There are 4 protein chains.
Amino acid sequence: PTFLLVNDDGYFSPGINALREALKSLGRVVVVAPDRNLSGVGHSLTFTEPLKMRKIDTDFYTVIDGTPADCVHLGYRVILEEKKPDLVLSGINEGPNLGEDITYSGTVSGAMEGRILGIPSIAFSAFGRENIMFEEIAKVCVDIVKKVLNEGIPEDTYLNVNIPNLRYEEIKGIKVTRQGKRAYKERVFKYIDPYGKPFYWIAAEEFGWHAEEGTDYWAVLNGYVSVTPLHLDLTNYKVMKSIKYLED
Amino acid sequence: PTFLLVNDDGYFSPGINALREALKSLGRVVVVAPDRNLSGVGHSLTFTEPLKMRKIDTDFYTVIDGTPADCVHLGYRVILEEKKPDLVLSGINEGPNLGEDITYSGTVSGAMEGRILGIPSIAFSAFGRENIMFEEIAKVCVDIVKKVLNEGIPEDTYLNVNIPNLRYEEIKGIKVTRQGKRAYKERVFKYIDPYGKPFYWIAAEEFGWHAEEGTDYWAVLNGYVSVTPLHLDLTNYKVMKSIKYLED
Amino acid sequence: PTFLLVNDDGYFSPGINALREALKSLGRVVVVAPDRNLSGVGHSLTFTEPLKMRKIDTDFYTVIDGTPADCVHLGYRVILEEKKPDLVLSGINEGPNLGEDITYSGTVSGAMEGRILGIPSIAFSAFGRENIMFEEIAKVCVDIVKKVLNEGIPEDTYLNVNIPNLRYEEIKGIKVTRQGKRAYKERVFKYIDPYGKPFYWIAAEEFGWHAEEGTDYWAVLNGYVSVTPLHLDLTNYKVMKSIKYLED
Amino acid sequence: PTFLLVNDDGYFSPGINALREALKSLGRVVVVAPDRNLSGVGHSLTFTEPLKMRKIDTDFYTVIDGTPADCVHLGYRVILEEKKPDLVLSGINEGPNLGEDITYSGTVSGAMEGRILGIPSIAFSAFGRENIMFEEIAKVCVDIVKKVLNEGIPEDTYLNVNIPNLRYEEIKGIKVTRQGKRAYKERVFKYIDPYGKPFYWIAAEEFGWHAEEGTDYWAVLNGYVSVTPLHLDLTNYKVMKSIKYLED
Ligand code: NA
Ligand code: NA
Ligand code: NA
Ligand code: NA
């Protein structure tokens, strides 16, 4: 098998490297990843500027200022010569991608792009902040990839996986989950600047205090891997009949 | 009624101002919008830095380097004092937000954030490049808002609206649509830089040549307004049973 | 005569357009300017990515994400076919470039680049914040250019000009000035974020209260145009003998 | 003695850490450095937004998205409580800062800011691209600091130091140098994009082929440390008389 592996943190990040090393036992890992951390910025496909892509080593390429989307598309069309890999994999992200924040994630968008191209795809993110054990986390990622190669991913779906920052042997198990609503309370704090004008800080309070069993958040907060099947197609087909009044 | 109106192009853009002006006949428009165009960059909610918010005029505020998400959240919690408006509206965007590219749109994410907060929400984008007639487009936006205030938006949904760049009287009608694929063929062009190293340009070819009836792209290409009901919850519930093998 | 006119605020800014229109009576104005405001970001010459340059109208070009430096160099080598114009002009900037802040200015760096290429060069900046009268300011810019074409700029020098935001007839005169030291008092304000960690705001207090006659700041604060001759060569030749101990 | 040490590459960079470690034998090193690499972006002092500053360890702080200028000013006013250190040091930069390009350098601007504040200051940059031996380079930096603490830096000056990427014992010596031009030939290459529109690549050719003895470039190209004394005051006083015609 062959995997196209991308990320959002950069080709040098411990998370993509840990995953690449672990995956070698299942097949050929072809890395195409940004040359910098793009977590904070745009993730769309670049149509209107060109992109440098440089070979770091055999099957290991970087796209200079390339988004995960750019990496997936250049990986597939240029590096793999339009031969679909078995999987597109994105991660392991340096931090979680849970709940409503999935929409803004570059790691998730890499997997989405693979699925747009007709390739089964998985995003992997670490649920931790400090001293993340990426080599431990990679072990469960590889367990998942092995099973997916055997059994496959259902229609109109790609997988969003979050792994607790635990040693492999301490992971409680793997749970299929739904996307949660934000597992925190939002509070805005007001300040006055040196010139007398207001400014604000949006604070996240009480993280996970009210996590609902069945959600991605609850799984990882409790020591389980979360695997959420995401729709590729965002259309709410069921409810179209209820907005046909707009056509009148 | 009261509307919280945001955008991604900046408070000064002709699209947000056209929509603001037109909406006055339906209720009170409270604008909270970025001070710059953020189309090309990140759109997430800002938790890690504070945000300046400046009053431009009555019910008209800008958030300095604030994403649409920031604007919705500060608009709701600070400006509206946690009193939900009737609608959160985002746009009119300077350019379309169709198909697969909806995931990357700041305009769409503003409407998403409204719906996350429990408020019915609509994104409006102009399907044009040059000489966009924002005041003509605003007329059909207000027609839609009027109907939505009367009839409402169904479960688990927010609306994504694209309007052709036509005079109001030339719009053929309004269609309820699904999210299309990408209505173009992707081709990568290879170049060699001055130092002998490769670079690539991802080109979009044959735009709309194969547009499928029923999609957002087809509607706007043919002179109709497109209204797509989008899921807020990305979870593919139907297929969970088919990935429970991952729990074994 | 022919002028190569650049700026840092973008080809559409009122300041570059006011200057371009006024200069037509002295010669041919060839504009090459960024497609966006680059005041807040890097200004260096781009060596390692390519640059799109698009014709807006005859003798009026934009460099997409091009710094003033890129604009000067592409203007000279591509648009002017390596035929030196009589002057490189940069501005009129939307805000001042005085004192120690000159080092960080994109408007000033455009003029510097012209001088690096062996062309006499002038930067123009407006000393105002709100409701800047760019067409009034352009009148004095043109007065200066006319005189410079007649008499010339001395060796190893380019000019840094700041113009008060006054009607042309209210300008008191033009003064040759030195670069001032920052005409304000710096104070740092401390705050505590929602999570209990410190943050700081560097404030500028008492602007111009202690301005020294002879400086750029004093001239503009008192209603005069400031013209400062700047060194191109930063080397302090006089003092080399006093650091030769480092060679021992 | 006490040194305030900043850089532009980030607090984690091998260059700043190598220099920090080496300097401990001469006095107390207080580091205040950005949390990310800011080489490609703006370097000005931040007046319009607040700045988070986090303690990493004793006498080791980072300013979140803080320019070198921000770091020097917060280091002096907050960390050092307005007690001037013996020196402000900036570097060791990951790459050179030679010739005309000094104007655009964040590393150089950190040293400039120290001298603006009335503190003797030195910028250090590595003349290398790959496999830079920062610990070897730090040895000659400390040699220079030791001498400067003994003998001092002359009027209106701060030092700009570039060190070849050589083992300490292979460095040929230290030379006092002037700012060179640009030691390369500029050539613009033209391309056509996938849509038929032009784009350009500014190339640097023949690097160092014509380096002039006495310049910063020549010294480092030939295995010597370059130390250039730079003016803080950019004013060309000598030539003021030759532009007084502008006052007429
Ligand atoms: Na990331
Ligand atoms: Na936009
Ligand atoms: Na500017
Ligand atoms: Na640097």
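Residues numbered from 1 in each chain as written, not as in the entry; some residues may be left out. Chains lettered and ligands numbered in written order. Heavy atoms only, no water.

Method of determination, as given in the entry header: X-ray crystallography; reported resolution: 1.50 Å.

Per the PDB entry, chain A goes by the name 5'-NUCLEOTIDASE SURE and belongs to Aquifex aeolicus. This entry carries the title "Crystal Structure of Sure Protein from Aquifex aeolicus". Per its UniProt entry, chain A bears the Sequence similarities comment "Belongs to the SurE nucleotidase family." (UniProt positions renumbered as here; feature names shortened; annotations may be inferred.)

**A few points about the overall build of chain A**
Regarding its fold elements, chain A presents five helices and 11 strands. Relative to a compact globule of 248 residues, whose C-alpha radius of gyration would be 18 Å, chain A shows 19 Å and is just as compact. Counting over 248 residues, chain A shows a buried share of 62%. Within chain A, contacts between residues at least 6 apart in sequence are counted, and of these 74% link residues at least 24 apart. When the accessible surface of chain A is split by element, carbon and sulfur atoms take 47% of a total near 9700 Å². (Helix = DSSP H or I, 4+ residues; strand = E, 2+ residues; numbered from the N terminus. Rg over C-alpha atoms; globule rule 2.2 N^0.38 Å. Buried < 20%, exposed > 50% of the residue type's maximum accessible area, 1.4 Å probe, protein only. Contact = heavy atoms within 4.5 Å. Areas by Shrake-Rupley, 256 points an atom, 1.4 Å probe, with all protein chains shown as cover.)

**Side note on the coordination of the sodium ion (ligand 3)**
All names here are of chain C. Looking at the sodium ion (ligand 3), one finds its protein donor set to be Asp9 (OD), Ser39 (OG) and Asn93 (OD1), positioned 2.3 to 2.4 Å from the metal centre. Positions of the donor residues of the sodium ion (ligand 3) along the chain correspond to the pattern D-x29-S-x53-N. Of this pair, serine 39 sits in the loop between strand 2 (28–34) and strand 3 (51–57) while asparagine 93 sits in strand 5 (residues 87–93); the two residues are 54 residues apart in sequence, bridging distant segments of the chain. By relative accessible area, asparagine 93 is classed as buried at 8%. (Donors = N, O, S within 2.8 Å, 3.2 Å for Na, K, Ca; no water.)

**Observations regarding the coordination of the sodium ion (ligand 2)**
All names here are of chain B. Within the protein, the sodium ion (ligand 2) binds to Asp9 (OD), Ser39 (OG) and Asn93 (OD1); these donor distances fall in the range 2.3 to 2.4 Å. Binding-site remark: the sodium ion (ligand 2) is held by donors from one chain whose sequence spacing is D-x29-S-x53-N. Placement of the pair is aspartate 9 in the loop between strand 1 (2–6) and helix 1 (14–23) and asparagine 93 in strand 5 (residues 87–93), with a sequence separation of 84 residues. Like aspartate 9, the residue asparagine 93 is buried in the burial classification.

**Describing the relation of the copies chain A and chain B**
By a simple turn and slide, chain A fits onto chain B: the slide is 0.0 Å along the axis, the RMSD is 0.1 Å, and the turn is 180°. Such a turn and shift between the copies fits a two-fold axis. Looking at chain A, 97% of its interface residues are interface residues in chain B too, so the copies touch through the same face. (Least-squares fit on C-alpha atoms.)

**Considering the nonpolar core**
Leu4, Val32, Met53 and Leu74 of chain A together with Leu4, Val32 and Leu74 of chain B are the most contacted members of the largest nonpolar core, which has 68 residues in total. Among the elements that take part in this core, helix 2 (residues 68–79) of chain A stands out by supplying six residues, more than any other. What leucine 4 of chain B contacts, discounting residues up to four positions off in sequence, is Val30, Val32, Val72, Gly75, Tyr76, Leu80, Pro85, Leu87, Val88 and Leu89 of chain B. (Core = buried A, V, L, I, M, F, W, Y, C linked by side-chain atoms within 4.5 Å.)

**Notes on the packing of aromatic side chains**
Here the structure, examined in full by the defined rule, presents 40 aromatic pairs over all chains. Where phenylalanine 207 of chain C meets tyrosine 217 of chain C, the ring centres are 6.0 Å apart and the plane angle is 70°; that geometry is what we call edge-to-face. In this pair, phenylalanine 207 of chain C sits in the loop between strand 10 (198–205) and helix 5 (216–221) while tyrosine 217 of chain C sits in helix 5, placing the two residues 10 residues apart along the sequence. Classification of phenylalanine 207 of chain C by relative accessible area gives partly exposed; the value is 43%. When its relative accessible area of 4% is taken as the criterion, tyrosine 217 of chain C is described as buried. A centroid spacing of 5.1 Å and a plane angle of 15° characterise the contact between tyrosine 191 of chain D and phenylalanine 199 of chain D, whose relative ring orientation is stacked. As far as burial versus exposure is concerned, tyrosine 191 of chain D and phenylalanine 199 of chain D are alike and both buried. An aromatic cluster of three or more residues is present, and its members are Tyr191, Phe199 and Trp201 of chain A together with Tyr191, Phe199 and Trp201 of chain C. Seen from the ring of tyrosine 224 of chain D, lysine 175 of chain D lies directly overhead, with NZ or CZ sitting 5.7 Å from the centre. (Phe/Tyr/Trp six-rings, centres within 6.5 Å; stacked < 30°, edge-to-face > 60°. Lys NZ or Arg CZ within 6 Å of the ring centre and 35° of its normal.)

**Concerning the pairing of strand 10 (residues 198–205) of chain D**
Where strand 3 of chain C and strand 10 of chain D come together, two bridges link them in antiparallel fashion. From the neighbouring strand, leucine 51 of chain C faces strand 10 of chain D, where its bridge partner is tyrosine 200 of chain D. With eight bridges joining them, strand 9 (residues 185–192) of chain D and strand 10 of chain D adopt antiparallel strand pairing. By the bridge assignment for strand 10 of chain D, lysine 190 of chain D is matched with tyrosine 200 of chain D. (Pairing = 2+ DSSP bridges.)

**With respect to the interface of chain C and chain D**
At the interface, 78 residues of chain C touch 77 residues of chain D. Between chain C and chain D, roughly 7000 Å² of surface is buried when both sides are summed, and carbon and sulfur atoms account for 63% of that area. The interface formed by chain C and chain D holds seven salt bridges in total. Taken together, chain C and chain D are joined by 37 residue pairs in polar contact. (Buried area = accessible area lost by both parts, 1.4 Å probe. Salt bridge = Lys/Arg side-chain N within 4 Å of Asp/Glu carboxyl O. Polar contact = N/O pair within 3.5 Å; in protein donor to acceptor, adjacent residues only side chain to side chain.)

**Some words on the interface of chain A and chain B**
By a frequent convention, interface size equals the accessible area lost on bringing the separate parts together. Taken together, the contacts link 78 residues of chain A with 77 residues of chain B. Counting each side, the surface lost to burial between chain A and chain B is near 7000 Å², with a carbon and sulfur contribution of 63%. Ranking the residues of chain A by area buried against chain B places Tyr104, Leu234 and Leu246 of chain A at the top, with a combined share of 11%. For the pair chain A and chain B, the interface holds seven salt bridges. The salt bridge involving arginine 77 of chain A is made with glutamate 186 of chain B; its shortest N-O contact spans 2.7 Å. Joining chain A to chain B, the criterion identifies 37 residue pairs in polar contact. Looking at the side of chain A that touches chain B residue by residue, the class counts come to 39 nonpolar, 18 polar and 21 charged. (Nonpolar A, V, L, I, M, F, W, Y, C, P; charged D, E, K, R; others polar.)

**Some words on the relation of the copies chain C and chain D**
Comparison of the two chain copies shows a relationship of rotation about an axis with a shift along it. When chain C is brought onto chain D, the operation consists of a screw motion whose angular component is 180° and whose axial shift is 0.0 Å, with 0.1 Å RMSD remaining. In this assembly the copies share their binding face: 97% of the residues contributing to the interface of chain C also contribute to that of chain D.

**Details of helix 4 (residues 134–151) of chain D**
All names here are of chain D. Counted at 1.5 Å a residue, the expected span for helix 4 with its 18 residues is 26 Å, and the 26 Å between its end C-alpha atoms agrees. Here helix 4 has its buried residues at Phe134, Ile137, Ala138, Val140, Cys141, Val142, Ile144, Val145 and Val148. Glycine 152 sits one or two residues past helix 4 and shows a positive phi near 90°. (Expected span 1.5 Å × (residues − 1).)

**Regarding the sheet that holds strand 5 (residues 87–93) of chain A**
Ordered in space as 8(A)-11(A)-7(A)-6(A)-5(A)-1(A)-2(A)-4(A)-3(A)-10(B)-9(B), the 11 strands form an open sheet in which the pairing is mixed. Each edge of the sheet is formed by a strand with only one pairing partner; in this case those strands are strand 8 (173–176) of chain A together with strand 9 (185–192) of chain B. Taken over all neighbouring pairs, the strand axes of this sheet differ in orientation by 25° on average, direction set aside. Against the sheet, helix 4 (residues 134–151) of chain A touches strand 1 (2–6), strand 5, strand 6 (121–127), strand 7 (157–164), strand 8 and strand 11 (224–231) of chain A, its axis set at about 160° to strand 5 of chain A. (Axes fitted to C-alpha atoms, helices over the stretch in contact; angles between N-to-C directions.)

**Observations concerning the side chain of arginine 182 of chain A**
By the secondary structure assignment, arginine 182 of chain A is in the loop between strand 8 and strand 9 (185–192). The residues contacting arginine 182 of chain A, other than those within four sequence positions of it, are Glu100, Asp101, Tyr104 and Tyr217 of chain A together with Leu45, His73, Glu113 and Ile116 of chain B.

**Considerations on the pairing of strand 7 (residues 157–164) of chain B**
Residue and element names in this part refer to chain B. Among the eight residues in strand 7, eight count as buried, and that is most of the element. Side chains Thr157, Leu159, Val161 and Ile163 of strand 7 all project onto a buried face; the interleaved residues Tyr158, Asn160, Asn162 and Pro164 project onto the opposite face, where all are buried too. Here six bridges tie strand 6 (residues 121–127) to strand 7, and the two strands are oriented parallel to one another. Bridging across to strand 7, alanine 123 finds its partner in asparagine 160. For the crossover from strand 6 across helix 4 (residues 134–151) to strand 7, the handedness is left-handed. Where strand 7 lies against strand 11 (residues 224–231), six bridges are found, and the strand directions are antiparallel. Opposite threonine 157, over in strand 11, you have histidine 231 as the bridge partner. (Right-handed = clockwise from strand over helix to strand, strands pointing away.)

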